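This report concerns only the one structure given below.
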Amino acid sequence: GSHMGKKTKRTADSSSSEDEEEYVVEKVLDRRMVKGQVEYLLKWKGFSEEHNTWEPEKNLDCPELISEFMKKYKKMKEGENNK
Amino acid sequence: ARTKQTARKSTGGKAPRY
């Protein structure tokens, strides 16, 4: 077994330019479901809760944010302890 | 430069007749 006949195929776009267009999320704020669809309040770079922006689960690309959020929220609401 | 996962505001929405 020896290396013979190698192949290479890569694709990339050549767009050398920078401009404000995309927005980055900071963390989850609140959660609410409407029209059989669950949405989460996400904060975009520069944007504040004042704008009250909601994002669908499908678009939600940050599960960890919810995992931890539930931890804090749980304490807020009065429930029961279980192990 | 961009490294962290980032996307634009809301994508994925068909515009049906009904």
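Ordered as shown in the structure tokens, chains take letters A, B, and onward, while each chain numbers its residues from 1 and ligands are numbered from 1 in the order shown.
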
Chain B residues near chain A within 7 Å, closest pair each, using only C-alpha atoms, as CSV:
```
residue,atom,partner,partner_atom,distance
B:6,CA,A:24,CA,5.5
B:7,CA,A:22,CA,6.1
B:8,CA,A:22,CA,5.1
```

Could you save the residues just selected, with N, CA and C atoms, as a PDB file, in the first residue's frame?
```
ATOM      1  N   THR B   6     -22.033  33.292  13.768  1.00  0.00           N
ATOM      2  CA  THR B   6     -22.907  34.444  13.583  1.00  0.00           C
ATOM      3  C   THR B   6     -23.724  34.313  12.303  1.00  0.00           C
ATOM      4  N   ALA B   7     -24.974  34.762  12.356  1.00  0.00           N
ATOM      5  CA  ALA B   7     -25.858  34.698  11.199  1.00  0.00           C
ATOM      6  C   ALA B   7     -26.769  35.919  11.136  1.00  0.00           C
ATOM      7  N   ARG B   8     -27.324  36.177   9.956  1.00  0.00           N
ATOM      8  CA  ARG B   8     -28.212  37.317   9.763  1.00  0.00           C
ATOM      9  C   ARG B   8     -29.634  36.979  10.205  1.00  0.00           C
TER      10      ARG B   8
END
```

Every residue of segment 9-73 of chain A that DSSP places in alpha helix (DSSP H), as a list in words: residues 63, 64, 65, 66, 67, 68, 69, 70, 71, 72 and 73 of chain A

DSSP on the backbone, then: every residue of chain A marked strand (DSSP E or B), written as a ChimeraX atom specification. /A:23,25-34,37-44,54-56

So how many Å separate atom CA of residue 42 of chain A and atom CA of residue 28 of chain A, to one decimal?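 We find that atom CA of residue 42 of chain A and atom CA of residue 28 of chain A lie 5.0 Å from each other.
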
Please provide as a list in words all residues within 12 Å of residue 1 of chain B, with the sequence filter that same-chain residues fewer than 3 positions apart are discarded (counting only C-alpha atoms).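 Once the adjacent positions are removed, what remains is residues 16, 17, 18, 19 and 20 of chain A; 4 and 6 of chain B.
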
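Excluding segment 72-77 of chain A itself and same-chain residues fewer than 4 positions from it, the residues having an atom within 12 Å of it are residues 28, 29, 30, 31, 65, 66, 67, 68 and 81 of chain A, counting only C-alpha atoms.
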
Find the distance between atom CA of residue 79 of chain A and atom CA of residue 38 of chain A and write it in Å to one decimal. 22.4 Å

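Here atom CA of residue 10 of chain B and atom CA of residue 10 of chain A stand 28.7 Å from one another.
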
Can you tell me which residues surround residue 32 of chain A at a distance of at most 9 Å, considering only C-alpha atoms, apart from same-chain residues fewer than 6 positions away, and format the answer as a count of residues only? 5
